[PDB]
Amino acid sequence: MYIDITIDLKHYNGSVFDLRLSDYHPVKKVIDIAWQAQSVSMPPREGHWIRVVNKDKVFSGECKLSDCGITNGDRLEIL
Amino acid sequence: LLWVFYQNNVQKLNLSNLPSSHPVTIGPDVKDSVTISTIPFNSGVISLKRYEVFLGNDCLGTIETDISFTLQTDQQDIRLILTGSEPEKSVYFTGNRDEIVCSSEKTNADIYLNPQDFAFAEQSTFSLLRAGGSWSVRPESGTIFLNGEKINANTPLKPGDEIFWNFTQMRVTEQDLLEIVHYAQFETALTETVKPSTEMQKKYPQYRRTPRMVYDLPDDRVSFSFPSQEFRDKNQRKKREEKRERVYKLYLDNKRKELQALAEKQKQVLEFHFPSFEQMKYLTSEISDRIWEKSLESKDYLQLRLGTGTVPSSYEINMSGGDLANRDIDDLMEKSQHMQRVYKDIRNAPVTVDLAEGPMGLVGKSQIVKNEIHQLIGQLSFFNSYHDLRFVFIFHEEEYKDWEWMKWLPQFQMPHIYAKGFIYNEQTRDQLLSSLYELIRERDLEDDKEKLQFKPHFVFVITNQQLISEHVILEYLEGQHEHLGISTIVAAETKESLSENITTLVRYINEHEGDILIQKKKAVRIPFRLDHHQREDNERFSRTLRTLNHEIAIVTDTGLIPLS
Amino acid sequence: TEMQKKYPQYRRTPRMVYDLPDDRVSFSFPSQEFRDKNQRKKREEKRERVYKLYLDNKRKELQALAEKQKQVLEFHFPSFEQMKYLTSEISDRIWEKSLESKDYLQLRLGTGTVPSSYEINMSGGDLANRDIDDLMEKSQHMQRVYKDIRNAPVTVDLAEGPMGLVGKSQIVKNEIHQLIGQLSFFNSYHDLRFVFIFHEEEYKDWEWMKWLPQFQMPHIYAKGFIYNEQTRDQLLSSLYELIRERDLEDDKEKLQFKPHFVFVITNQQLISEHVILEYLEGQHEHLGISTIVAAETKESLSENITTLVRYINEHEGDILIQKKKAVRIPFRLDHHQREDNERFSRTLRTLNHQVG
Amino acid sequence: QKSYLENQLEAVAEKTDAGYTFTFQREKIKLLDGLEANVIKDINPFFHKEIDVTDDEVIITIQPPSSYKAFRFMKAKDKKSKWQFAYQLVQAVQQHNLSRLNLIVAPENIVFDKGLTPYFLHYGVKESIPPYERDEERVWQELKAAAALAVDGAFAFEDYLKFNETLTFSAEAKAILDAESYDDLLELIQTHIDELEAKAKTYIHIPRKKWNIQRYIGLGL
Amino acid sequence: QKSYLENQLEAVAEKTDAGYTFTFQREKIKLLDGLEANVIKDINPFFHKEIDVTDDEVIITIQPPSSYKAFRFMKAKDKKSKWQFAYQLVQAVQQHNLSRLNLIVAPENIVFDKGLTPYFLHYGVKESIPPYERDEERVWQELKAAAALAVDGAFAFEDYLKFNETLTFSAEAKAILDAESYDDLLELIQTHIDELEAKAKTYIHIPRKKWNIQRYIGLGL
């Protein structure tokens with residue numbers, strides 16, 4: 001299954017864009033893809049944590065996106 | 001669960017989800033089950049099998065439950081701890097409390113964790129503090145891990161953060177409900193409770209309609225009447241009038257009670273049927289069962305609330321009684337006349353207009369109408385499923401940062417081409433409107449036009465200086481083909497700008513006042529007052545409405561861009 | 001009874017009928033308000049006594065209409081226990097109704113308050129500019145009293161569309177016994193048939209319905225119970241084909257089909273993906289079907305519901321929706337026992353109904 | 001006959017030596033687990049409370065200390081104390097801070113102590129028991145109505161609430177009913193209390209028995 | 001001279017048109033940042049409060065509405081009001097709940113409404129500014145003296161607090177200063193209030209002019 005989500009990089013070279021990706025990917029792969037897209041500098045903060053802005057919740061960098069419930073329309077603010 | 005501890009960080013992993021064919025690995029590559037970037041792993045890659053510990057080609061022994069195994073590499077230390085049990089869940093209510101002290105060293109703490117009761121308990125202490133409606137953390141000894149990183153100084157706590165301490169996880173939620181997950185036992189003194197819930201919140205990712213509840217307006221007739229008749233001498237005169245007074249007082253009380261009941265019923269029904277925008281936000285927050293309650297089969301869809309004012313009553317009052325002209329207006333006459341006016345009209349009730357009767361117009365200074373269109377769009381969106389209603393919107397390029405929040409709603413998604421509903425410039429216009437006009441043409445060219453109801457009902461909103469003044473599609477937007485499931489709204493600063501075929505018109509006078517002045521193609525006038533409004537919560541509302549269910553590439557307003 | 005002479009056989013006889021009272025009652029007040037004793041104070045007695053006599057004559061009347069209404073209402077909808085009794089001895093009231101009649105598929109739910117069918121009218125009026133007194137206040141008292149009846153049976157219809165029962169599972173499951181019991185008496189097995197869905201764990205409680213005559217399917221030899229996947233896959237397909245072949249004819253709204261099916265559902269999971277759900281959820285009432293559904297709360301029901309009933313506790317309940325309107329009518333529950341069901345069902349099973 | 005509460009909460013309420021009690025049928029409320037009602041125990045500490053949850057209904061028991069009285073007894077006291085109590089009620093409503101408990105105001109649901117400060121018995125728990133949502137306009141209306149009974153007390157409670165537009169109340173009740181904001185109401189009460197504090201200084205209080213002599217001894221002569 | 005508060009807190013305090021002010025020496029407190037003091041704003045929200053920091057001193061200012069008045073003004077009123085004010089003060093002290101704010105009770109630090117409810121101006125902080133420890137013995141010692149001085153007095157607030165052996169104190173002073181718990185003090189006050197409630201009915205009210213007229217008539221012989 002495919003979903004469409006919004007990613008925020010306000011901490012690292014503030015920018016905003018949206019991705020379409022297959023559901024079964026893990027969280028860290030999203031971070032890797034984002035880094036590939038923007039070619040941003042510095043490695044990410046250890047642990048690859050992320051925050052779902054429109055739910056007030058936090059997940060570690062080991063979820064499978066289908067598992068902890070990240071469906072269409074949610075905003076992912078990268079810590 | 002398998003924990004991993006290295007310098008100033010702690011990570012977590014679950015092993016039950018894989019067969020033994022996959023060797024658990026710890027290394028630098030993302031492909032590895034656990035990723036570390038600061039440690040080069042120059043000697044080799046750590047791995048497990050069964051547990052058996054192997055550093056590349058080297059063997060270091062085994063691991064057993066409820067005991068720590070340490071190993072060294074690259075002049076740094078790493079731990080490994082394994083557990084297979086599952087934790088408990090509990091909730092506590094803080095209330096008026098101003099501080100919460102947690103410790104395993106002192107028995108006076110509110111939450112006491114005896115060090116002996118667990119194999120890996122460690123001496124520590126910390127406290128939570130509140131100030132100005134916000135929570136904060138303050139370590140005092142031992143160690144604390146926040147979001148997976150150690151901390152050493154007073155820090156404010158944000159809504160979703162998670163604290164880790166002695167294999168215990170603590171979370172906070174505004175309104176001050178404290179949640180804990182633990183593999184342990186601890187004493188406590190706080191009040192225990194549970195969160196409220198329903199069925200819909202439990203089925204949250206899925207949604208399905210429910211039976212509707214409808215009320216009928218109070219239809220009734222009432223009757224009324226008012227008086228018409230105009231020692232020796234002392235007893236003769238007064239007592240008759242006294243009897244008159246008593247009897248008429250009783251009669252008036254009865255009628256007053258009846259009229260009060262009827263008026264209250266009508267007010268209640270009108271308030272129930274048309275809630276304001278803030279109420280829609282609040283209902284959407286809790287996932288009420290009223291979302292998307294209407295449908296094409298119903299009659300009262302495409303009906304909007306504009307404000308509050310004065311409305312006529314729906315129950316007749318037969319004030320005729322006896323003929324008043326017989327004699328002069330007495331005190332009883334005056335009381336009856338005074339009561340006659342009050343219950344004729346209800347006050348502070350919704351004023352409603354309909355859109356299904358043809359094109360609608362708006363007139364007034366630009367800024368106020370611009371600030372107002374939000375109410376109408378939100379109200380229309382709350383009551384209709386995206387299987388039935390789709391929008392199209394036109395506006396000025398400069399105003400984009402104010403109109404952005406609507407792009408995430410579901411109804412704005414086109415049905416036949418993957419593109420958004422907005423329009424900025426000539427390129428997007430020529431991209432979209434041509435296809436829309438072609439699609440509408442087929443609707444026009446068919447015999448079953450009158451019989452069928454085309455499924456997606458397009459609602460056009462136009463607010464821009466006409467960049468569309470010469471396009472073909474204007475042939476249909478002129479408003480004579482309303483059976484094609486199309487509707488329109490327009491805005492301008494003066495009446496002359498609009499067309500002559502309008503069937504409803506509104507006008508805003510100032511910050512708080514307005515009135516209708518055309519309806520059903522006839523001249524009319526009713527004043528009304530605008531509602532209080534807020535515009536900073538829209539993003540959450542739209543995103544929440546996006547989720548309900550009823551290859552890699554980037555996505556933009558006008559197509560898809562494959563990644564690399 | 002005389003019918004016992006024919007016990008091996010049974011045949012219908014002319015039905016009885018009644019009607020409600022609907023007259024209008026009026027009011028009238030054509031009057032207002034050492035030698036004194038014998039001359040005028042003796043005439044005061046004559047002036048006054050007549051109006052007390054008139055008031056009592058009026059009071060004698062409304063009670064007769066109230067009694068008539070009550071008598072007919074308690075004759076048309078007898079309770080379930082009275083039906084057990086009327087079946088213990090073979091009455092001629094067995095299988096009264098037929099598909100032509102309009103009142104079939106009507107059910108009694110309990111006892112409560114009902115508005116009067118007759119009309120009370122205050123024609124006198126003139127309550128202002130008048131020295132109203134006792135002879136006028138008795139009119140108000142009578143109007144207050146005789147405008148309604150107390151302890152009358154509350155009725156609900158099922159032919160309009162699907163119903164819905166809400167409340168704790170124990171009570172709602174208890175009441176289906178009573179509803180099916182009521183339905184099973186007025187209609188013959190030549191016209192009505194059943195289909196039931198429930199959990200396999202409760203097979204002992206429902207066993208008594210196993211022997212009713214109506215539960216035998218008409219098309220193919222089988223018993224209309226559904227336990228689990230095996231029986232569901234064995235039966236539902238043929239019923240689907242039966243509904244389909246009927247739906248394919250163009251006379252679906254001008255003629256009628258004799259065997260009429262009534263579904264009772266209390267376990268949706270066992271059929272949650274089957275094809276028949278299309279014909280059950282959709283608006284196909286004219287095909288000759290019906291439906292009753294029970295569940296925990298409102299949120300577990302579809303959009304087709306027209307009537308909703310809610311049970312609160314062991315004694316009371318109230319209605320919520322009738323004809324899609326919002327209403328609120330309370331009612332109290334009957335009392336019955338479960339032990340005799342075997343004899344009632346078995347006695348019904350034996351009465352062979354001879355046609356023509 | 002039903003109090004103003006029953007028509008809204010659909011709950012019976014009486015007085016017993018065990019303390020005031022309330023009862024809700026389970027189907028009439030959205031509660032699912034009895035643990036949800038535990039929050040009530042923290043709002044007011046020294047009123048002994050208790051909660052019970054049967055499969056049929058929910059029962060709440062409140063037992064205030066001995067010296068607390070019901071509302072209706074206030075009628076026997078003089079004017080100045082009535083004004084002071086009316087002033088107290090407004091401040092009591094104003095300072096409600098907890099965000100999870102809601103208010104319902106009525107003379108049936110108030111008790112006052114020797115200091116003339118009221119205390120509410122029943123409270124609503126958000127999204128669990130009837131008084132679901134903090135609707136402040138309703139509270140404003142009820143408070144405005146209830147002050148009059150303490151100050152004037154001519155009619156029943158509903159009379160000052162529903163049929164206000166038609167009847168002709170006294171001057172004091174009319175003046176109170178006109179207030180538009182909390183500060184206006186407090187300012188209104190201030191002037192009235194000052195008037196009484198000033199007027200009383202003109203009088204003297206004498207033992208009635210001695211004055212009974214003084215007024216009649218001078219006769220015959 | 002120095003007030004009881006003055007020596008306990010070592011501060012400088014004054015009253016001016018900008019409201020009450022307190023000053024501390026930065027060298028005599030444990031305050032580190034200054035932003036720690038923000039907690040003061042979370043009590044009595046309807047007051048106006050402000051805090052500023054300098055390397056040498058720290059200054060706190062509070063300004064209540066215009067209707068409130070200082071403590072010394074209580075001496076004018078009657079005895080029933082004084083008893084009720086003492087009862088209010090005790091019941092208010094007994095209800096303090098927070099942990100990070102400490103109470104100190106004294107005649108310089110109290111204000112009251114027109115409804116006779118008291119309020120406290122200045123609070124300590126747990127770590128930064130004094131008093132640091134949430135003690136109880138001294139609080140009780142201060143409360144007894146405060147009530148004793150409120151009901152009556154021919155002595156300063158120091159005398160009751162420090163000693164009972166100095167002079168021949170009235171019966172009420174001896175009774176109030178000898179109580180074992182809050183409930184006992186409340187019981188001691190309730191009966192006194194009820195006795196005065198009972199007494200009033202034996203009197204009658206007459207304006208001065210009529211009594212003067214009657215005196216003239218009596219003297220006219």
# chains A, B, ... in the order shown; residues from 1 in each chain; ligands from 1

call {"tool": "select_by_dssp", "arguments": {"residues": "region 234-448 of chain B", "states": "strand (DSSP E)", "output": "PyMOL selection string"}}
result
chain B and resi 303-312+316-318+345-354+360-363+389-393

call {"tool": "interface_residues", "arguments": {"of": "chain B", "to": "chain A", "cutoff": "9 Å", "atoms": "only C-alpha atoms", "output": "count of residues only"}}
result
38

call {"tool": "closest_atom_pairs", "arguments": {"of": "chain C", "to": "chain B", "cutoff": "9 Å", "atoms": "only C-alpha atoms", "output": "CSV"}}
result
residue,atom,partner,partner_atom,distance
C:126,CA,B:225,CA,8.7
C:127,CA,B:251,CA,7.8
C:128,CA,B:227,CA,6.1
C:129,CA,B:227,CA,5.6
C:130,CA,B:244,CA,7.9
C:131,CA,B:243,CA,7.3
C:132,CA,B:247,CA,7.4
C:297,CA,B:199,CA,9.0
C:298,CA,B:210,CA,7.4
C:299,CA,B:210,CA,6.0
C:300,CA,B:210,CA,7.6
C:301,CA,B:210,CA,6.2
C:302,CA,B:210,CA,5.5
C:303,CA,B:211,CA,4.7
C:304,CA,B:211,CA,7.2
C:305,CA,B:211,CA,6.4
C:306,CA,B:211,CA,8.4
C:321,CA,B:213,CA,7.7
C:324,CA,B:214,CA,7.0
C:325,CA,B:214,CA,5.7
C:326,CA,B:215,CA,5.5
C:327,CA,B:215,CA,8.4

call {"tool": "residues_around", "arguments": {"residues": "residue 70 (chain E)", "least_positions_apart": "2", "cutoff": "8 Å", "atoms": "only C-alpha atoms", "output": "list in words"}}
result
residues 68, 72, 73, 108, 110, 111 and 112 of chain E

call {"tool": "closest_atom_pairs", "arguments": {"of": "chain C", "to": "chain D", "cutoff": "9 Å", "atoms": "only C-alpha atoms", "output": "CSV"}}
result
residue,atom,partner,partner_atom,distance
C:167,CA,D:27,CA,7.9
C:311,CA,D:27,CA,8.7
C:312,CA,D:27,CA,6.1
C:313,CA,D:56,CA,6.8
C:314,CA,D:56,CA,8.9

call {"tool": "select_by_dssp", "arguments": {"residues": "region 170-229 of chain C", "states": "alpha helix (DSSP H)", "output": "PyMOL selection string"}}
result
chain C and resi 170-186+229

call {"tool": "closest_atom_pairs", "arguments": {"of": "chain B", "to": "chain E", "cutoff": "12 Å", "atoms": "only C-alpha atoms", "output": "JSON lines"}}
result
{"residue": "B:95", "atom": "CA", "partner": "E:98", "partner_atom": "CA", "distance": 11.4}
{"residue": "B:96", "atom": "CA", "partner": "E:98", "partner_atom": "CA", "distance": 7.9}
{"residue": "B:97", "atom": "CA", "partner": "E:98", "partner_atom": "CA", "distance": 6.7}
{"residue": "B:98", "atom": "CA", "partner": "E:98", "partner_atom": "CA", "distance": 6.0}
{"residue": "B:99", "atom": "CA", "partner": "E:99", "partner_atom": "CA", "distance": 7.1}
{"residue": "B:100", "atom": "CA", "partner": "E:99", "partner_atom": "CA", "distance": 9.9}
{"residue": "B:101", "atom": "CA", "partner": "E:99", "partner_atom": "CA", "distance": 11.2}
{"residue": "B:129", "atom": "CA", "partner": "E:100", "partner_atom": "CA", "distance": 9.6}
{"residue": "B:130", "atom": "CA", "partner": "E:39", "partner_atom": "CA", "distance": 8.5}
{"residue": "B:131", "atom": "CA", "partner": "E:39", "partner_atom": "CA", "distance": 5.8}
{"residue": "B:132", "atom": "CA", "partner": "E:42", "partner_atom": "CA", "distance": 6.6}
{"residue": "B:133", "atom": "CA", "partner": "E:42", "partner_atom": "CA", "distance": 8.9}
{"residue": "B:134", "atom": "CA", "partner": "E:39", "partner_atom": "CA", "distance": 11.2}
{"residue": "B:154", "atom": "CA", "partner": "E:36", "partner_atom": "CA", "distance": 11.2}

call {"tool": "atom_distance", "arguments": {"atom1": "CA of residue 205 (chain E)", "atom2": "CA of residue 202 (chain D)"}}
result
9.8 Å

call {"tool": "residues_around", "arguments": {"residues": "residue 157 (chain E)", "least_positions_apart": "3", "cutoff": "9 Å", "atoms": "only C-alpha atoms", "output": "list in words"}}
result
residues 4, 106, 107, 145, 146, 148, 149, 153, 160, 161 and 162 of chain E
